[PDB]
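Peer 1: I am attaching a structure below and will ask some questions about it afterwards.
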Amino acid sequence: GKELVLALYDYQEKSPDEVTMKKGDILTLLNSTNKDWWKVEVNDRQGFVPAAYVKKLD
Numbered sequence: 005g006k007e008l009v010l011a012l013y014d015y016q017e018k019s020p021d022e023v024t025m026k027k028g029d030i031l032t033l034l035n036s037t038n039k040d041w042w043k044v045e046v047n048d049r050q051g052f053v054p055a056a057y058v059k060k061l062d
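Take 5 as the starting number for the sequence shown in the authors' numbering and just add one per residue.
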């Protein structure tokens, strides 16, 4: 019942509520209620990244 997404691109956080990811990272999806920005967990950090830059795996 987990929810994982694949990072399709690098993304560097540009705001306090964003988080950085590297292409190929496997992120835990926390909140996908917004169509443009998804909240994800990238290890010990959480924050928003662009929804289009990740892909649901499950």
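We treat Cβ as the ideally placed atom computed from N, Cα and C, and that holds for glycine.
#1: For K60, which option in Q50, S36, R49, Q16 has the closest C-alpha, if you only look at C-alpha atoms?
#2: For residue 83, is the classification buried or exposed, using 16 other Cβ atoms within 10 angstroms of its Cβ as the cut-off for buried?
#3: Could you check the C-alpha separation between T32 and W41 for me, to the nearest Å?
#4: Skipping 5 residues on each side, what residues in its chain have a beta carbon closer than 6 Å to that of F52?
#5: Identify whether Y13 lies in helix, strand or coil by the three-state DSSP scheme.
Peer 2: According to the structure shown:
#1: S36
#2: Outside the displayed span of the chain (5 to 62) sits residue 83, for which this structure offers no information.
#3: 14 Å
#4: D21, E22, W41, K43
#5: coil
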